[PDB]
K.L.:
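I have a structure here, written as structure tokens, and I will follow up with some questions on it.
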Amino acid sequence: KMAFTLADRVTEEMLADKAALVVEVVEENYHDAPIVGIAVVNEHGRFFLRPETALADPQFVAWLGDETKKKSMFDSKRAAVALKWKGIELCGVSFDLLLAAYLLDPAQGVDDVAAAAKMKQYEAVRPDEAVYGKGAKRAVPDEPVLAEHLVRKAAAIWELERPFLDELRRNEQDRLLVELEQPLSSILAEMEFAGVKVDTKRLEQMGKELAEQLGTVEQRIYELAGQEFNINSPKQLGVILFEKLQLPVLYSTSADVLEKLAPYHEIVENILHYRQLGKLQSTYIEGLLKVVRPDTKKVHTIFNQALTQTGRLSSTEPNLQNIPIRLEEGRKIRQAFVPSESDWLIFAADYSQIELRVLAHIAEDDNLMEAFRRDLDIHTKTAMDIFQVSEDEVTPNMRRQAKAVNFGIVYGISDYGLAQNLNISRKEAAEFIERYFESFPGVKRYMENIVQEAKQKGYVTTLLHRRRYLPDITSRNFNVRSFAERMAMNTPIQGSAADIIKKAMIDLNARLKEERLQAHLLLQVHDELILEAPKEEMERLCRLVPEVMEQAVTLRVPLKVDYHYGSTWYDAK
DNA sequence: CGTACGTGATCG
Ligand SMILES: Nc1ccn([C@@H]2O[C@H](COP(=O)(O)OP(=O)(O)OP(=O)(O)O)[C@@H](O)[C@H]2O)c(=O)n1
């Protein structure tokens with residue numbers, strides 16, 4: 001057993017100017033969720049507090065909100081947001097063990113204190129899953145069990161801060177934690193708590209029309225197949241296509257396959273159309289409506305800041321980072337995302353080709369840097385170079401194929417992978433790649449060098465010193481090793497872009513505050529920032545937002561930001 | 001050829 005005081009009231013010694021603090025929210029989605037318990041560990045001892053008591057105590061609430069009273073936590077954003085829903089401000093979080101663990105090694109998948117602790121041979125704390133259970137059997141245990149668990153977590157955080165900070169310093173990542181990820185955590189908390197207003201009537205109207213079109217195409221499919229079957233079943237669909245109708249096998253029924261089969265039978269295009277409507281209906285209408293809060297008609301995503309292996313955020317419940325845009329039918333979903341106040345507008349700013357600009361910078365490729373210095377259309381320029389033609393001679397198919405090469409280069413180029421993407425032979429794809437590297441020899445040297453460096457050091461890094469370990473780079477299995485080489489090529493690009501936009505968000509918020517604008521961030525989608533603001537602020541934002549985003553870092557090429565605003569997210573185009 | 005998440009089907 002670990003010793004602690006199970007307090008009935010808050011005392012002064014619990015309010016020291018440095019503590020490990022646990023404000024426990026067990027529900028996965030912490031929005032408007034209960035706080036089940038509080039633990040504090042500091043120089044004076046270890047304390048468990050009941051939240052109905054602590055959170056009603058003015059001295060404790062003042063302590064929580066006092067920036068000069070420093071707290072060490074794990075996933076402080078969870079606590080901060082749960083407290084925001086209770087009208088309580090959390091300040092002074094100086095160390096977040098989740099973010100520290102994430103920066104040291106995102107591959108550990110650390111999502112509880114016990115997992116972080118094990119990184120430093122500290123095992124005197126249980127995994128959350130062992131305490132709460134998983135799935136439907138999940139539950140908050142009785143007080144003695146709960147209290148001991150929260151105290152052990154606080155004690156672990158209290159013990160682990162120094163070793164974690166020491167290692168971050170050794171890796172030259174301590175500023176990344178303290179000046180980037182931790183401040184960003186607070187900004188993410190604000191964005192999540194603000195939420196995004198949804199026009200549910202509009203979504204419901206779209207739902208109704210979709211359902212009608214769905215019925216129509218569904219019956220057309222049955223008529224064409226000469227029978228009814230579950231179109232969403234791969235088994236049944238595969239039978240209909242490849243046995244009853246005898247279509248060729250190029251069973252995979254992925255979209256790319258169906259697109260190749262479309263010429264053989266009228267049913268195929270109907271099946272694609274059906275899947276597409278069904279996607280919109282199930283995921284982007286019905287699924288979105290399920291998570292809208294009925295009182296305020298807002299969705300409050302959770303941005304997972306300690307999940308991706310490259311330093312990107314992810315977004316859940318709902319995922320607001322994969323709302324359709326490419327095809328008009330799906331893009332209309334965005335008409336349902338609206339400003340939260342009357343006479344406000346949505347303002348969206350996106351980096352133009354940030355990944356290829358970062359590549360130009362890190363590779364110091366003269367041709368690619370010159371292309372961005374001239375603000376050329378990069379896909380047209382790449383086509384000119386690889387196909388050896390003048391700008392006026394670049395055909396649409398050529399630009400399309402060059403664009404695909406540009407994607408492959410950023411992802412970690414593969415002849416089989418590019419070949420798959422363009423529906424061409426491996427030798428054909430290999431020729432394109434060779435021509436690319438002939439035109440961009442700095443990029444080739446960079447790709448060769450970064451793989452060698454990954455092998456030598458064991459990891460790759462981003463501009464702001466994020467790291468990703470790549471143990472498979474030495475595998476004697478070709479496929480395993482090749483995937484690791486692709487990660488070595490891609491991670492510094494994708495990850496540096498993530499560093500840049502994170503810093504831009506911090507810089508933007510500081511400027512917004514200085515200027516006392518009411519404008520605020522709502523979402524980030526990897527290389528874009530979505531805000532809402534009074535209509536009277538648009539002219540100022542048109543100058544401020546792109547400037548801050550462009551100046552977040554200084555590269556060997558310019559950063560370029562495009563922007564638009566409108567009455568809904570759809571119209572901010 | 002990179003990084004995510006949600007869904008419906010499947011399947012233990
Ligand atoms: N102790 C440190 C040093 C650097 N960085 C990160 O790395 C970035 C660039 O570091 P910087 O020192 O300014 O440039 P370099 O000289 O290239 O790096 P180094 O420390 O090796 O000299 C910083 O902005 C920061 O994000 C950090 O997180 N912690």
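Quick note on labels: first sequence line is chain A, next is B, and so on, each numbered from 1. Both backbone and side-chain heavy atoms feed into the values below; hydrogens, waters and symmetry mates do not.
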K.L.:
Over all strands shown, is A:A404 touching base, sugar-phosphate only, or nothing at heavy-atom distances under 4.0 angstrom?
P.N.:
base
K.L.:
Would you say the side chains of A:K502 and A:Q524 form a donor-acceptor pair under 3.5 Å?
P.N.:
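No, no side-chain donor-acceptor contact under 3.5 Å.
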K.L.:
Can you tell me if B:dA4 puckers north or south, using the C1'-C2'-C3'-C4' torsion sign?
P.N.:
north
K.L.:
Could you tell me whether A:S315 contacts a base, only the sugar-phosphate backbone, or nothing, with contacts defined as non-hydrogen atoms closer than 4.0 Å?
P.N.:
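Sugar-phosphate contact only.
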K.L.:
At under 4.0 Å, does any side-chain N or O of A:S314 touch on OP1 or OP2 of B:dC5?
P.N.:
yes
K.L.:
Would you indicate what A:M487 reaches in the nucleic acid, counting non-hydrogen atoms under 4.0 angstrom: base, sugar-phosphate, or nothing?
P.N.:
sugar-phosphate
K.L.:
Rounded to the Å, how far apart are A:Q494 CD and B:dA4 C1'?
P.N.:
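One finds 9 Å between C1' of B:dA4 and CD of A:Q494, rounded.
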K.L.:
Let me know the distance between CD1 of A:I285 and P of B:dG6, rounded to the nearest Å.
P.N.:
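About 17 Å, once rounded to whole Å.
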K.L.:
Write out all pairs satisfying ring pair (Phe, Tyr, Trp, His ring centres under 6.0 Å) with one or both partners inside residues 205-247 of chain A, taking only residues at least two apart or from two chains.
P.N.:
A:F242-A:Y251
K.L.:
Side chains of A:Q309 and A:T491: is there a donor and an acceptor less than 3.5 Å apart?
P.N.:
no
K.L.:
At under 4.0 Å, does any side-chain N or O of A:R486 touch on OP1 or OP2 of B:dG2?
P.N.:
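A:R486 to B:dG2 OP1/OP2: side-chain N or O found under 4.0 Å.
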K.L.:
Which nucleotide, B:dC5, B:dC1, B:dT3, lies nearest any side-chain atom of A:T316?
P.N.:
B:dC5
K.L.:
Please list, for nucleotides 9-11 of chain B, all pairs of protein and nucleotide N/O atoms separated by less than 3.5 Å.
P.N.:
{"unit_1": "B:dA9", "atom_1": "OP1", "unit_2": "A:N230", "atom_2": "ND2", "d": "2.9"}
{"unit_1": "B:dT10", "atom_1": "OP1", "unit_2": "A:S233", "atom_2": "OG", "d": "2.5"}

K.L.:
Side chains of residues 278-286 of chain A: which donor-acceptor partners sit under 3.5 Å, not counting sequence neighbours?
P.N.:
{"unit_1": "A:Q281", "atom_1": "NE2", "unit_2": "A:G207", "atom_2": "O", "d": "3.2"}
{"unit_1": "A:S282", "atom_1": "OG", "unit_2": "A:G278", "atom_2": "O", "d": "3.1"}
{"unit_1": "A:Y284", "atom_1": "OH", "unit_2": "A:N322", "atom_2": "O", "d": "2.6"}

K.L.:
Atom CD1 of A:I231 and atom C1' of B:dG8: how far apart are they, to the nearest Å?
P.N.:
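Distance, rounded to whole Å: 13 Å.
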K.L.:
Reckon A:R468 touches a base, only the sugar-phosphate, or nothing at all at heavy-atom distances under 4.0 Å?
P.N.:
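Contact class for A:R468: sugar-phosphate only.
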K.L.:
When all nucleic acid strands are considered with a 4.0 Å heavy-atom cut-off, which category describes A:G408: base, sugar-phosphate, or nothing?
P.N.:
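Base: the residue A:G408, judged by heavy atoms under 4.0 Å, touches a nucleobase.
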K.L.:
Which of these nucleotides, B:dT3, B:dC1, B:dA4, is closest to any side-chain atom of A:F483?
P.N.:
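Of all the options, the side chain of A:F483 is nearest to B:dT3.
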K.L.:
In whole Å, I'd like the distance from the NZ atom of A:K403 to the P atom of B:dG2.
P.N.:
18 Å
K.L.:
Which one, B:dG2, B:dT7, B:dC1, comes nearest to the side chain of A:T283?
P.N.:
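Among B:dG2, B:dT7, B:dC1, the one nearest the side chain of A:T283 is B:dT7.
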K.L.:
Which residue pairs satisfy the side chain to side chain donor-acceptor pair (under 3.5 Å) criterion with at least one member in residues 469-489 of chain A, sequence neighbours excluded?
P.N.:
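Qualifying pairs: A:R467-A:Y469.
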K.L.:
How close or far is atom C1' of B:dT7 from atom CG of A:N319, stated in whole angstroms?
P.N.:
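Rounding to the nearest Å, CG of A:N319 and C1' of B:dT7 are 12 Å apart.
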K.L.:
Does A:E355 reach a base, just sugar-phosphate, or nothing at all? Heavy atoms under 4.0 Å.
P.N.:
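Nothing, no nucleic acid heavy atom in range.
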K.L.:
Whole angstroms only, please: what is the CZ-P distance between A:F303 and B:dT3?
P.N.:
21 Å
K.L.:
Any sub-3.5 Å donor-acceptor pair from A:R556's side-chain atoms to A:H361's backbone N or O?
P.N.:
yes
K.L.:
Expected output is a numbered-order residue list: members of residues 414-444 of chain A with a heavy atom under 4.0 Å from any atom of DNA chain B. What is it?
P.N.:
A:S414, A:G417, A:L418, A:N421
K.L.:
Extract all donor-acceptor atom pairs below 3.5 Å that involve side chains of residues 103-111 of chain A and protein atoms in other chains or at least two apart in sequence.
P.N.:
{"unit_1": "A:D105", "atom_1": "OD1", "unit_2": "A:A107", "atom_2": "N", "d": "3.0"}
{"unit_1": "A:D105", "atom_1": "OD2", "unit_2": "A:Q108", "atom_2": "NE2", "d": "3.2"}

K.L.:
Given the rule in the side-chain contact (heavy atoms from CB on, under 4.5 Å) test, do A:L320 and A:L522 qualify, once you have shown the distances and angles that lead to the verdict?
P.N.:
CA-CA 10 Å; A:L320 297 177; A:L522 295 179; over 6 Å; no
K.L.:
How many Å lie between OH on A:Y411 and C1' on B:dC1, as a whole number?
P.N.:
9 Å
K.L.:
Please determine, by modelled atom types, if A:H379 and A:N406 share a side-chain donor-acceptor pair under 3.5 angstrom.
P.N.:
yes
K.L.:
Look at the side-chain N and O atoms of A:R312 and state whether any lies under 4.0 Å from the OP1 or OP2 oxygen of B:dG2.
P.N.:
no
K.L.:
Compute the ring centroids of A:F387 and A:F432, then answer whether they are less than 6.0 Å apart.
P.N.:
yes
K.L.:
So, does A:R78 use its side chain to make a donor-acceptor pair with the main chain of A:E28 at under 3.5 Å?
P.N.:
yes
K.L.:
Looking only at side-chain atoms of A:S282, point me to the closest of B:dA4, B:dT3, B:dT7.
P.N.:
B:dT7
K.L.:
Over how many whole Å does the gap from A:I493 atom CD1 to B:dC1 atom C1' extend?
P.N.:
12 Å
